[PDB]
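The next block holds one structure in the form of structure tokens; read it before the comments.
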There are 4 protein chains.
Amino acid sequence: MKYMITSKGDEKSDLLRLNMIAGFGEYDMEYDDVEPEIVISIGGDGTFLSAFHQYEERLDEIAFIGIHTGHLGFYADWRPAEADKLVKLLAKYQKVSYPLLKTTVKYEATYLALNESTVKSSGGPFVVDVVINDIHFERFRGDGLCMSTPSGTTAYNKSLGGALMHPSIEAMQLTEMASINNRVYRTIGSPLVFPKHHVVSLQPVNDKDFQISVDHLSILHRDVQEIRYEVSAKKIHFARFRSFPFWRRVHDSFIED
Amino acid sequence: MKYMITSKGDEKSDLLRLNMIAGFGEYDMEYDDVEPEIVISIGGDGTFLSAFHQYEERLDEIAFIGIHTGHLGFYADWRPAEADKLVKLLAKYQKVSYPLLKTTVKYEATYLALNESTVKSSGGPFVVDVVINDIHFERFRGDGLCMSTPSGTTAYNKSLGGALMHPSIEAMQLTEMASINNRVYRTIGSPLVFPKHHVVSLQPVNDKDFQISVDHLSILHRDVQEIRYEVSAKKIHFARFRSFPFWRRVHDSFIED
Amino acid sequence: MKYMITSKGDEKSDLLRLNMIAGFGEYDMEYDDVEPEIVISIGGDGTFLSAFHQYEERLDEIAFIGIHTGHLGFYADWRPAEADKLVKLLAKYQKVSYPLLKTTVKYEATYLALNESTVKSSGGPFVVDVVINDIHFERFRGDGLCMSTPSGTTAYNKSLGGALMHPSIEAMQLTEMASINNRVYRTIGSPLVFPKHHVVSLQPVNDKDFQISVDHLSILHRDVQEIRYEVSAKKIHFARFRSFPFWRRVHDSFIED
Amino acid sequence: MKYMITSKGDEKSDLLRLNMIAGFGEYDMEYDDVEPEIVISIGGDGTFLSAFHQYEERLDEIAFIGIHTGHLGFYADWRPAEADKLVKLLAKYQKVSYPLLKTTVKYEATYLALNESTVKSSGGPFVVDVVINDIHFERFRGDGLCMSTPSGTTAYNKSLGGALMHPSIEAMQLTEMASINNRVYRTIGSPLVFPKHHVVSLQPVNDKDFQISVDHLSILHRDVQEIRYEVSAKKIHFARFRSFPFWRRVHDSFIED
Ligand SMILES: CN(CC#Cc1nc2c(N)ncnc2[nH]1)C[C@H]1O[C@@H](n2cnc3c(N)ncnc32)[C@H](O)[C@@H]1O
Ligand SMILES: CN(CC#Cc1nc2c(N)ncnc2[nH]1)C[C@H]1O[C@@H](n2cnc3c(N)ncnc32)[C@H](O)[C@@H]1O
Ligand SMILES: CN(CC#Cc1nc2c(N)ncnc2[nH]1)C[C@H]1O[C@@H](n2cnc3c(N)ncnc32)[C@H](O)[C@@H]1O
Ligand SMILES: CN(CC#Cc1nc2c(N)ncnc2[nH]1)C[C@H]1O[C@@H](n2cnc3c(N)ncnc32)[C@H](O)[C@@H]1O
């Protein structure tokens, strides 16, 4: 089938990429970066995120694979030494799917996030009303908010005090960035975990300009009327070759390897 | 059908209980506290928890209802003024189910928790190995651990920094109590959210005596070899009469009412 | 003696300012906004912060006073109804002094902060080496860092998890903003409280552009070689007329009033 | 002068203790465990804490020294290889003093803490009114409270989210253990740092039995009317032989060594 390989760009990743293309050439495998069925990322989790967004319009037809040439990643979770075994088994596997986060920006534009989407103010203070399923929940004032996917909970969400969720749970998690809490403003404080079909809506109070991020991309959006978050109906599909449990991936990354 | 009413014991709850029994008497309703189909709790969330554990052997055949005579509760979420309307509609509704936590103590004994189950040391230091699906995850040293149900996340879990999960998500959440983290002991720190069929196992390192709690009940268990946590196959069934969304219940309890 | 009054600008503050000037005119008091001995702020804590920085070059010769026309402030801690009594007693008091934070930016420029000084990245990732008294302490990667004065601990420092310090303690407190902590980057996590004469130095790793804030002012600094923090030798002097203990000010602002 | 050596009890500590006594015998040094001027602890920080409380009645006349036979401690901060050099220099140094915490239990009894003093309930719920300098600050409900010395901030205080304070600051820090915060109970949440002469008083609401700890000692106190915390007028004196800065001790223990 058709495949493509993206590289971090350094010497180690480019050389491993050319070795895998050479190995794939020994099989009935066609290199195609327009309509591939297999997308292999060689580098780090950031390289994988770029590979994800490069082909986010054909997610239903692609199985992703991440190879880490540096430290272990949560998406790039295979070592370079296993690359030849990867080529062989790719040539002849199972698939697993992770949930995604859909962000809607109304002035509308839509985006998919594999890790998270965050909102911060343009320059002045950040004040938004948080609406959950069309009911006003809180008026947040602080540095910003972060809405994370399950596989994203080990990233920005973790540094903000959020919980780590197993990626088989179809949910999204909202966490706060340095909220003010006194006799005036009151926020929930705790991270919030929302199931599928729940819609979390951010609405401006005064300033309507916001710095909105989706994974690595960050854009200053002007004249924003609303930001809608919900668990996406689309999922990202990984090629699975052996058992690397998520909790073991957490242990190896944060406890010790 | 058969019903029973439990009371907090104070004058307000006992008087409301006798008024509801009198109202139920005007219908084809039989008071029975042995095999009831309807269990009404009048008091607080603690009164509801006692009502839950009193009939935990017939959960599949009971619809629970909570009336709060004090402040709003997450289980006792109906005001005394609605009691007469409750009697009428009970006489002729829909049902909603929340997940439960199964705790297994091997020396074995099993328990169901509606809020959470916690483990603390008998007297000396608390050290346990945390095993997730038969793989060693961390060696925890600290004050204790708390495993929460979704509806329990707004209780002890919240005070420990855990996330608030909508009760439609079949999961359990583990949080830490004052863990040591230095060049010796290392814990994950973040709360962990586990899906159904995941088994979290606590195993002793030196001391084998532990103070184990399940909701309000707390027992000193001796010669403990293992404590197993998993999302229960059983669920608690609530009688539903109108929409009181969980997130609104969170807003009314923690933001303002 | 000479005095001046600054106003938030709204109708309530301007009208109270003109009433106090009229009351001061009934005494031997000279309005002077060039070399005043008394600086009265009417508005909120933000109005007071602007009054502080307007006269930061004559701190040793000025007694500050804050009047809150909205909610209680930690610097604007006197109600408008007490303004006439303030005029009388000003005309004939004691003084109390709070510590300040000195920030040095080397490319050098120096700044005084009454609340705090923060460092965030220009656009990309924020990575700095933290040096305490000329010894490397940690390599911080995250959103930013905040160094707070004692009276500033109830402001940005509090939202970041820092401790509240009584302003009689000559110290500064450093807190983290969403730090990464895994098998690569390692930060202390806890807030750090430094005494007088301790020098905390932030040094760039790759990017040398930083968004540096001092109280309300925020400047993008380019080609930064170092940022030095230390407890200032200067202090801000408040005119004291009665006992409003700091801990009571904390209770009234955060517990209830 | 007179000296004594306490040992953890294991083979390594006892053997090092006998070697130091033999080395001290080659000088005009008298072993005395009744009225020593030098108290050497060989083991861990726990061994040092026991050595501190064994001679807490002669703190003004004793210089303490800690040797760690295991991992580095904050009080036992000298390696066994330096023991012979310690004997020589002891025979002929400077002294440094750390602040202590005085706990008063009224039914009265007084205690000194080098690390911290904590309060937890006897069995039921823990509810106390927190009084700061004779003014009611908050009604705390939760697992307990911890009042830490500066050198104690790296111990229990750190695991509870408190700040790390340099031990030259004469202060005490109060932190919360899992407090309830809703529309009923309200606590400050943040750690509180109190200067000298400030008195923090814990007063019972219903239950008058409390589990009170001071460093390693923990006693169930009955019929408690009040618990008073204040920075002690006494200090612990360490023998200083070279520079091991506190912040370096923090870096070596928590960042890496
Ligand atoms: C760095 N870029 C490529 C990547 C990655 C990645 N993904 C994961 C994952 N899923 N699990 C464990 N590690 C991971 N690394 C963009 C990502 O930087 C993260 N980020 C931004 N600011 C952060 C902060 N202050 N603290 C922690 N993280 C932060 C955001 O998550 C953003 O997406
Ligand atoms: C008090 N008893 C009856 C009840 C209740 C209740 N349940 C909920 C709920 N689900 N959501 C919102 N409020 C709720 N209250 C037993 C419960 O006391 C909670 N608990 C114990 N120590 C705690 C602490 N340090 N901090 C917060 N909570 C604590 C444990 O959760 C235990 O189950
Ligand atoms: C708002 N401006 C005028 C003021 C004030 C003020 N000072 C105090 C005080 N000392 N104590 C109690 N309340 C106070 N309000 C500038 C201040 O906004 C604060 N800030 C910025 N971002 C924040 C965040 N994410 N969370 C909390 N605070 C934040 C920074 O502290 C900055 O200095
Ligand atoms: C273990 N025993 C001897 C010792 C010591 C020690 N002192 C220091 C110090 N000053 N700095 C850095 N490490 C230190 N270790 C009693 C001490 O156990 C600490 N502790 C109790 N429960 C804890 C928890 N849940 N989390 C962290 N700590 C806890 C209490 O602090 C108590 O005093």
Side-chain angles (χ1 to χ4, degrees), chain A residues 129-140 148 150 153-155 157-176 181 185-200 231 243-256, chain B residues 129-140 148 150 153-155 157-176 181 185-200 231 243-256:
Chain A
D129 286 309
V130 184
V131 176
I132 300 174
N133 297 322
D134 295 322
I135 182 214
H136 173 269
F137 182 74
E138 73 189 359
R139 178 163 280 188
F140 180 93
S148 172
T153 51
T154 53
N157 167 92
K158 176 173 180 295
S159 299
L160 294 172
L164 308 184
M165 308 179 49
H166 192 275
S168 66
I169 301 171
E170 308 193 275
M172 59 180 181
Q173 184 171 181
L174 176 78
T175 54
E176 309 179 351
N181 274 266
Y185 291 95
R186 181 91 64 83
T187 66
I188 184 63
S190 308
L192 300 185
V193 175
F194 300 91
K196 198 158 56 268
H197 309 291
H198 281 209
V199 176
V200 179
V231 175
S243 180
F244 199 170
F246 172 81
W247 295 124
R248 170 177 283 288
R249 228 150 59 243
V250 167
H251 164 267
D252 290 355
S253 302
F254 297 111
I255 305 296
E256 69 181 328
Chain B
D129 286 309
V130 184
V131 176
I132 300 174
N133 297 322
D134 295 322
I135 182 214
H136 173 269
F137 182 74
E138 73 189 359
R139 178 163 280 188
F140 180 93
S148 172
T153 51
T154 53
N157 167 92
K158 176 173 180 295
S159 299
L160 294 172
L164 308 184
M165 308 179 49
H166 192 275
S168 66
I169 301 171
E170 308 193 275
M172 59 180 181
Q173 184 171 181
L174 176 78
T175 54
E176 309 179 351
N181 274 266
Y185 291 95
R186 181 91 64 83
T187 66
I188 184 63
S190 308
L192 300 185
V193 175
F194 300 91
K196 198 158 56 268
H197 309 291
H198 281 209
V199 176
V200 179
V231 175
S243 180
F244 199 170
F246 172 81
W247 295 124
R248 170 177 283 288
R249 228 150 59 243
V250 167
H251 164 267
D252 290 355
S253 302
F254 297 111
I255 305 296
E256 69 181 328

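Below, all heavy atoms of this structure are taken into account, side chains as well, without hydrogens, waters or symmetry copies. Each chain gets a letter, A, B and so on, in the order the sequences are listed, and its residues count up from 1.
The two residues B/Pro150 and B/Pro167 have their closest heavy-atom pair at CB-CA, 3.6 Å.
For B/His197, there are no side chain to side chain contact (heavy atoms under 4.5 Å, CB included) partners two or more places apart in sequence or in a different chain. Listed by chain and residue number, A/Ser179, A/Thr187 satisfy the side chain to side chain donor-acceptor pair (under 3.5 Å) test with A/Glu176 (two or more places apart in sequence, or in another chain).
Counting heavy atoms from C-beta outward, B/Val200 and B/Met172 have side chains that approach closer than 4.5 Å. In this structure, the side chains of B/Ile135 and A/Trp247 stay at 4.5 Å or more apart for every pair of heavy atoms. Here the side chains of A/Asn181 and A/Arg186 are in contact, with some heavy-atom distance below 4.5 Å.
No other option in B/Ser190, B/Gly162, B/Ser168 has as many heavy-atom pairs under 4.5 Å with chain A as B/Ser190. The choice from B/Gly189, B/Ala163, B/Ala171, B/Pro245 that makes the most heavy-atom pairs within less than 4.5 Å of chain A is B/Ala163. Heavy-atom pairs under 4.5 Å with chain A were tallied for B/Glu138, B/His198, B/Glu170; the largest tally goes to B/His198.
A/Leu192 touches chain B through backbone and side chain together, each having a heavy atom under 4.5 Å away. In this structure, the portion of B/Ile132 lying under 4.5 Å from any heavy atom of chain A is its side chain and not its backbone. Heavy atoms closer than 4.5 Å to chain B are found in both the backbone and the side chain of A/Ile188. When heavy atoms are compared at a cutoff of 4.5 Å, A/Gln173 approaches chain B solely by way of its side chain, counted from C-beta outward.
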